[PDB]
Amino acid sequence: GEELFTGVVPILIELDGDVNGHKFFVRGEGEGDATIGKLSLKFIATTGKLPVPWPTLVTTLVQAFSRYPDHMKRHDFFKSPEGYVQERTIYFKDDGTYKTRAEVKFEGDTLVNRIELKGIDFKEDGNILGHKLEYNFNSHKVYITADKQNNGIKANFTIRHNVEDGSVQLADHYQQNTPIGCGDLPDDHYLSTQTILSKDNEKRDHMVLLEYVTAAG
């Protein structure tokens, strides 16, 4: 479990999503080091120019790569081969919602997250469909609690998206994680995340991401 995350690990991410009838597919590749808790990834939209801004998708697209301090090592559920299912419901205040299901598992020596995403009730001329969101990401605290009944995790947090007019767009995240494999459960704690979005060079619509994540509480 924990033992697979020592050293650099290759990541593959595939996202299959439809928002308001607009289907699109995204793929990402890169490396992550759990010891430093760093993620470096490149994302490409195979299907064309995205109907939705890149910052909206970020959370959906590797928590396991969060760095748990040695005292906190007992509470790292994510690391805890078979992998897990990550399901999220995302509410954009004054706008539509995301419902997503994902499986994070190990295929060969590569770590893979494949995702299915559905988008509903999103307004035209809204921040999201408008692409009025700034190409950046802020820093957040992800609150984690244990859910014994589903022998799994639950998480709650709200994301802040900067808007070009200087407004702030809030996305409410409701998250639960359950394990594919048989046979770990953590006291309440949180993840502290910082993210940077950059560009390549590439013609295709794309995203480049750097993520530092560490646990506390």
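Throughout, we count residues from 1 along the sequence that is shown.
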property	result
Absent coordinates between residue 61 and residue 62 - deposited residues affected, binned into four classes	1 to 3
Residues of the deposited sequence that sit between residue 184 and residue 183 yet are not modelled	1 to 3
Residue stretch of maximal mean CA temperature factor, 65-73 vs 52-60	65-73
Stretch exceeding the other in mean C-alpha B-factor - 96-104, 116-124	116-124
Criterion, highest CA B-factor; candidates, 166, 152, 37, 28	152
Residue 137 - which third its CA temperature factor falls in, relative to the rest of the chain	lowest
Record-listed C-alpha B factor of residue 213: chain third	lowest
Modelled-residue ranking by C-alpha temperature factor, third containing residue 158	middle
Within-chain third of residue 88 by Cα B-factor, per the entry	lowest
Ranked C-alpha temperature factor of residue 15 among modelled chain residues, by third	middle
